[PDB]
Amino acid sequence: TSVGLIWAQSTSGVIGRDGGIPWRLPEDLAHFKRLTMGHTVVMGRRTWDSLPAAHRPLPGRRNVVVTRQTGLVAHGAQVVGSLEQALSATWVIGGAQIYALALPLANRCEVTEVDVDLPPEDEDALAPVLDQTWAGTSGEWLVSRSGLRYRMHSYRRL
Ligand SMILES: NC(=O)c1ccc[n+]([C@@H]2O[C@H](COP(=O)([O-])OP(=O)(O)OC[C@H]3O[C@@H](n4cnc5c(N)ncnc54)[C@H](OP(=O)(O)O)[C@@H]3O)[C@@H](O)[C@H]2O)c1
Ligand SMILES: CCc1nc(N)nc(N)c1OCCCOc1cccc(C[C@@H](C(=O)O)C(F)F)c1
Ligand SMILES: [Cl-]
Ligand SMILES: [Cl-]
Ligand SMILES: [Cl-]
């Protein structure tokens, strides 16, 4: 199947801190739900842990959790020991370690950029860096109901 990555980052590249996402952006949650609904969503074990309880597993999607643990069970989800096992449309939904594993297999990235100043600090989860072999285009800067500015980028591998 075609593999896409989807993530939201601060301009500095931070995607996660302290076991969660360091902003609220309802329009990004709607974007994420819309693009992933009905598809397989592949995530690292720490991202599974980070889902708020009311949203775990993510409804309407085949949830696949990647772990090195034996006998990890994730209620309502499928558990695999490698990205290759996860990939047999598929969306990789994070976090930083699973993005790095999936990027060589992906042909599409959908990125939300959040206009917040979050200097990377120890133990932050960071977004993957796309090189110039990714074609990209950007939507407009928009003001979120949360107060923050954001915009969506779409990338396709050449
Ligand atoms: N803003 C966003 O778009 C976004 C998206 C997703 C998550 N997040 C945030 O990012 C953070 C979580 O990301 P993270 O980078 O810490 O974790 P992660 O990538 O979601 O999960 C890491 C875990 O994946 C498993 N794993 C990693 N490499 C593996 C391999 N080669 N084979 C098998 N299993 C492997 C391991 O599980 P075991 O330890 O169980 O072996 C590892 O501890 C949280 O803060 C979350 O809120 C943000
Ligand atoms: C949503 C943040 C996000 N943003 C983009 N762009 N990429 C991503 N990888 C991503 O992380 C996916 C992992 C976290 O996910 C959720 C966190 C809180 C609630 C929900 C449920 C959501 C749904 O049902 O999807 C509902 F609120 F609409 C998911
Ligand atoms: Cl919270
Ligand atoms: Cl939010
Ligand atoms: Cl909320």
Side-chain angles (χ1 to χ4, degrees), residues 3-106 108-116 118 120-130 136 138-139 142 144-148 150-155:
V3 181
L5 277 58
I6 182 164
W7 74 87
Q9 62 171 86
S10 67
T11 297
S12 68
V14 174
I15 69 170
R17 178 174 295 175
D18 293 337
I21 300 177
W23 56 78
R24 289 286 209 279
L25 208 71
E27 297 87 350
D28 173 72
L29 265 62
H31 167 82
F32 173 83
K33 191 179 178 175
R34 184 182 73 81
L35 283 172
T36 61
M37 183 56 58
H39 301 302
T40 296
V41 292
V42 175
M43 73 197 86
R45 188 271 301 174
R46 294 207 297 227
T47 291
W48 170 261
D49 291 347
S50 77
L51 296 173
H55 305 292
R56 183 176 41 214
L58 293 163
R61 287 152 280 186
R62 174 170 76 113
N63 287 227
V64 177
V65 181
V66 184
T67 181
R68 299 193 182 85
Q69 293 184 64
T70 297
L72 179 81
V73 295
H75 175 78
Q78 310 186 350
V79 179
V80 301
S82 70
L83 189 72
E84 288 70 19
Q85 296 163 37
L87 305 183
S88 63
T90 300
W91 287 97
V92 171
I93 69 165
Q97 295 178 27
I98 263 48
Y99 290 135
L101 289 175
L103 189 58
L105 297 166
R108 167 184 191 178
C109 296
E110 298 295 336
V111 178
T112 303
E113 180 187 1
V114 187
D115 188 16
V116 62
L118 297 176
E121 63 189 50
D122 179 45
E123 296 193 3
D124 279 352
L126 307 178
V129 176
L130 298 184
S138 303
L142 302 166
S144 176
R145 291 188 222 80
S146 73
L148 308 177
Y150 69 99
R151 60 178 177 176
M152 273 68 170
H153 307 272
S154 291
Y155 296 91

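Numbers here simply count residues along the sequence, with the first being 1. Just follow the structure's listing: the first ligand is 1, and inside any ligand the first atom is 1. The figures that follow rest on heavy atoms only: side chains count, while hydrogens, waters and symmetry mates do not.
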Considering non-hydrogen atoms of the protein only, which is the closest contact for [atom], and what is the distance?
atom                    : result
atom 4 (N) of ligand 2  : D28 OD2, 2.7 Å
atom 28 (F) of ligand 2 : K33 CD, 3.5 Å
atom 7 (N) of ligand 2  : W7 CA, 3.3 Å
atom 15 (O) of ligand 2 : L51 CD2, 3.5 Å
atom 24 (O) of ligand 2 : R61 NH2, 2.9 Å
atom 1 (C) of ligand 2  : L29 CD1, 3.4 Å
atom 32 (N) of ligand 1 : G81 O, 3.6 Å
atom 17 (C) of ligand 2 : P52 CD, 4.0 Å

May I ask you to test the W23-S10 pair for a side-chain heavy-atom distance under 4.5 Å?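 Side chain of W23 against side chain of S10, heavy atoms only: contact under 4.5 Å found.
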Numbered in order shown, the ligand 2 atoms found under 4.0 Å of a heavy atom of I21 are 2 (C)
[X] N/O to ligand 1 N/O under 3.5 Å:
X   : value
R68 : yes
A8  : yes
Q9  : no
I15 : yes
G95 : yes

Would one find an N or O of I93, backbone or side chain, under 3.5 Å from an N or O of ligand 2?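 Among all N and O atoms of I93, at least one is under 3.5 Å from an N or O of ligand 2.
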Should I6 be counted as touching ligand 2, given the test is an N or O pair under 3.5 Å? yes
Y99 to ligand 1, any heavy atom closer than 4.0 Å: yes
Among the heavy atoms of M43, does any lie under 4.0 Å from an atom of ligand 1?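 In this structure, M43 fails to qualify as a contact of ligand 1 - no heavy atom is under 4.0 Å.
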Location of contacts on [X] toward ligand 2, heavy atoms closer than 4.0 Å:
X    : result
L58  : side chain
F32  : side chain
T36  : neither
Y150 : neither

For ligand 1, does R17 get within less than 4.0 Å through its side chain, its backbone, both, or neither, judged by non-hydrogen atoms? backbone
Please state which option from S10, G94, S50, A74 has its nearest heavy atom closest to atom 46 (C) of ligand 1. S50
